[PDB]
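Lettered A, B, C, D, E and F in written order, each chain numbered from 1.
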Amino acid sequence: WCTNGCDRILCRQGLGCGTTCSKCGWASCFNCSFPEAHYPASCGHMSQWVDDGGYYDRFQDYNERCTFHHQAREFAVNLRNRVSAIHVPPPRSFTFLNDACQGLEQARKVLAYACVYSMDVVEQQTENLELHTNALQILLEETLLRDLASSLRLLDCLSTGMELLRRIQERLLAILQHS
Amino acid sequence: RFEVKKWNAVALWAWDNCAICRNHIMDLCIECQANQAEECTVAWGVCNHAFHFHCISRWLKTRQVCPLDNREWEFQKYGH
Amino acid sequence: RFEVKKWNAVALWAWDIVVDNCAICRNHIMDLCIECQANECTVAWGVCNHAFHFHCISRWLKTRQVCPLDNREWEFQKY
Amino acid sequence: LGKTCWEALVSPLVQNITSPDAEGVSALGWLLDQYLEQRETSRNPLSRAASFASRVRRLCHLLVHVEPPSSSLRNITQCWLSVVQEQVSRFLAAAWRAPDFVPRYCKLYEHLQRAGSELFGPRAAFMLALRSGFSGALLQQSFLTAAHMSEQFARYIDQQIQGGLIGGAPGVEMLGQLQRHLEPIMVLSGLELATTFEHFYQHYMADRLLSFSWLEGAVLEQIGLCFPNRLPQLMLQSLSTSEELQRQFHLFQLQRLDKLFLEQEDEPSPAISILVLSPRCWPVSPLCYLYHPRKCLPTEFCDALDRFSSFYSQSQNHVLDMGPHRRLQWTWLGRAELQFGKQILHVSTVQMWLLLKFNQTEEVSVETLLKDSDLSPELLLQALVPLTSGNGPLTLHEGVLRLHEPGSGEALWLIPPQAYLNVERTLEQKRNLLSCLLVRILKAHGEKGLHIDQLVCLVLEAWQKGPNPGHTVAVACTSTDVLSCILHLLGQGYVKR
Amino acid sequence: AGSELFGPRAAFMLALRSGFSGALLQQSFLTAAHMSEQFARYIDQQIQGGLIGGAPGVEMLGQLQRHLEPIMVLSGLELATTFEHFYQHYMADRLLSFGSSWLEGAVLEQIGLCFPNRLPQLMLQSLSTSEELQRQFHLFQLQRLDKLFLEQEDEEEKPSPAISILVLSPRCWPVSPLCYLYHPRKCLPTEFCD
Amino acid sequence: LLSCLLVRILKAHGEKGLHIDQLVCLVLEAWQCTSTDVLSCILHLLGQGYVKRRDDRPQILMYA
């Protein structure tokens, strides 16, 4: 069942892409009752964490890192709102910006969960995920600096951004399949 | 008889000191003319305007277009 | 007769493996490995008939001594 | 005072007039839906539609003129989204099997965007709403419909590019229309339609690249984001690598000649260019292979091919000693140019073979040709169709092939055109067969078991050898298929961890 | 020849480029002029042939792409200004005979940094700005009609030739003063002038 | 004509010369042509060896 809500039911035929609800756009696991979708941590691990209680939306450092990740996700949302609220931009820039926002949001969410996680070698996965996401973040910030509309009309480095987005997508698929 | 199915017409948009700070084109920079003792050399750009390096340094640090023709300013490096 | 003035032939190149994905790094095997991908990346396979990145298996063997797929000893099967 | 008044007055009013009544309809939604239907014929200045459209325009602009997220802009934007989504859903259901789907789709996009700009002025948020509406309309469709839509999109792009390249006088119009029309297709980014659309784009671009370029890169510069796995760019990278390889081969030949001359002194030809393709990002059907070169080729050509293959082998040598080895399988693809009499002809490889057969003979039997060919004769007839046409100097009469008697000085470019493929319960059978093989493989190992990638390796090897020791049952599997089938089995509780 | 002799190494290609440059500089002014004109004509003739013609075209076009890397040695030299002057004069007529196709943008994305003042890019951008202006003019018409309908509604409450316009900046196009219209009503039909 | 005008301008300034951009401004004023055209003339003159570039102050140019 779909949890946000809406009454539509979800089924997964194969792990080729990964699905959210077609109507509202939300993802949850079929295994345990929990509104969000927890990629890295098993349903039991998430249950232990929530019963013990943690941040939501060594041990102290964990909480600190999770707050940092969720704050970065908030920053991405704010950037999307600010660009959307301008009084029409070139097509390629607009579509790339929307795609970059979606990718950064999903990547930061799954990375926060991977921080929440604790013969496991997923550390390299989370490490290069952090590297790529931070690189794309820095690129967007560099292209962010006075008048937003003129800045977007100006812009190339767009190719580097596309490369980074593809990298994030491939790595997210890898984490989802491997998990 | 003939009939017109489409057409295209053409026309031109027919209409010089350091406009940004308005001092004389060859004269000195007003920002530094207040603080007497004149170090701004003139700067040229692909869009074929001449402005003061001081003016342009500041303005560009603010915004990233040519203030006179709405194009991304490019410091002219030909012949240099 | 009929005379040729120019010809363009087309060929593919073939492996002997059907892996299509490196297990250690989970990236498509013909692409570069993760470490090379972040910033000359060749594939190597064992008598166990498992193929991997040269760098992936090099790091794994700097860590361990058993092939990560078959619980056996490694052989850099050469030609 | 302004802020207080305006907020308290308008924001409840919009929150009340943009709510969907139980039927699934709101008020401003109804008004905007009427807008387009009346705009269909709202051009005559003296007509009720003109006044109606003007009134709606003024209302909408007054409502939106306050914005500088927002309080009321959200609801009006969602109303626009709903209207666009319903419009596109209706049209898409209407004519999704027409022979003119894609131009109508692009025209509808243009009309909706112009209407939005008229109703609300230039704003980006409404453009975002329009894109989201088109995406949502696309999503809520059955699989076969989506597959047909992707095939139609790819076929349209291919047809426009090919016409622009061959058509001289109106080709400029086709190319301009293509650049204008590319914008709607970008909606497919961020959907599974991207995955299903990359496939057909691959298939058609392969033939385009082999038969004829430089416009393909231009198109990819703006349709680039749509392809998830980026295979189309990989093809062009492969072409560049092949050129570099040819240069290296020339240098190697010179070096070998130098070594031979040193050893000795220590005391009118066809021009052949070879193109090497990677199997990662190039679709080649194994029916298109060439197996025995000497069986269907002259001797000089075979010598050149053999020496190039030797160069490739010797170049695959250094750290690469440890690891697998690369080979070369030759294919029937490619193009060739011949100079016969006054005229210059262009053919494909199989057509070159058929034509060079007539060098010392006046007739060949189709049965003998197919017998020696060792190829599927449907391909033979496909390649014979342009040969047996008026321009083609060959005729097959009951049949036997014979020459066309003479009858000027113009190039004749005869090559089979692309044969577009149409989407018509195979997936169920494929899943069943893969599952049964999996369960047998996992039944064979008792409690010893295997690793996940080990089980993957075993099933992949079995399918590579094929469950056929048949043709009714047996396509190439991927790791995604293995993971999907093992997900189903895990759901059936047949596998544990 | 260089690659066969000294292998592939970096500095020898730079040597080849500098040699070609120095040779073009050791020439007379009239001859520099003629050479630049020949280059501009070659580009224009290849694009014309490829767009107009059929398969002979697509043949010529890959060659056109090959041959550009020799041309690009001109950048940073004196000859750039005269080459650009000559190029503008053909790009004008080519754009007025056919819309800005892929070909002109691709050739420019190859050899753009050769043109010192970036005039051709500005002509290309001008065509796009003009399409934007057409959109705005349509909207402006709608607003005017709305005001008319409102005034009349308060007082009450109390088969054609399509035409497209193109504006060109005189800082970038070579429009001769001979090419002008002076009494537009006199020399043109009525509705057109309206 | 541009060459001789630039030669006169350089000669008038003597051992002080100017930054190149200032000299372009001077010649353009004396014209009553593009800045790039003047720069092309300057480069041709420099190649001819009439003028040199001040090594200590590369910004300014020195006639010789």
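Here is the rule we go by: contacts are C-beta pairs under 8 Å (C-beta built on N, C-alpha and C of every residue); 3 or more make two chains touch, one makes a residue touch a chain.
Each chain and its UniProt protein: B, C = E3 ubiquitin-protein ligase RBX1.
J.: Averaging the CA atoms per chain, pick out the one whose centre lands closest to the mean of every protein CA shown.
T.: Minimum centroid-to-centroid distance belongs to D.
J.: Please name the chain that ends up farthest from chain A once chain centres are defined by their CA atoms averaged.
T.: F
J.: Please identify which chain has its centre, taken as the mean of its CA atoms, farthest from the centre of chain D.
T.: F
J.: Determine the centre-to-centre distance between chain A and chain B, using the mean Cα coordinates as centres, and give it in whole Å.
T.: Chain centroid spacing, chain A to chain B, equals 43 Å.
J.: Nearest whole angstrom, what separates the Cα centre of chain D from the Cα centre of chain F?
T.: So the centroids are 58 Å from each other.
J.: Let me have the rounded angstrom distance from the C-alpha centre of chain E over to the C-alpha centre of chain F, please.
T.: That pair's centroid distance is 31 Å.
J.: For chain A, what residues touch not just one other chain but two or more?
T.: Those would be 177.
J.: Counting only residues that touch at least 2 other chains, which ones in chain B make the list?
T.: 48, 78
J.: Give every touching pair of chains, nothing left out.
T.: Result for touching pairs of chains: A-B, A-C, A-D, B-E, B-F, C-D, D-E, E-F.
J.: Flag every residue of chain A that touches chain B in the complex, lowest number first.
T.: Residues of chain A touching chain B: 146-147, 150-151, 154.
J.: So in the complex, which bits of chain A are touching chain C?
T.: Per the stated touch rule, the residues are 124-125, 128, 131, 167, 170, 174, 177-178.
J.: Help me check something: in the complex, which residues belonging to chain B touch chain E?
T.: Residues 3-14, 46, 48, 74, 78.
J.: Quick check on the complex: what are the chain D residues that touch chain A?
T.: Going by the criterion above, the answer is residues 67-70, 117, 122-125, 127-128, 131, 136, 139-140, 183, 186, 189-190, 192, 195, 222, 224-225, 228, 230, 480-481, 483-484, 487.
J.: Using the touch definition from the top, list the residues of chain F that touch chain B in their complex.
T.: By the definition above, chain F touches chain B via 19-22, 24-26, 29, 34-36, 39-40, 42-43, 59.
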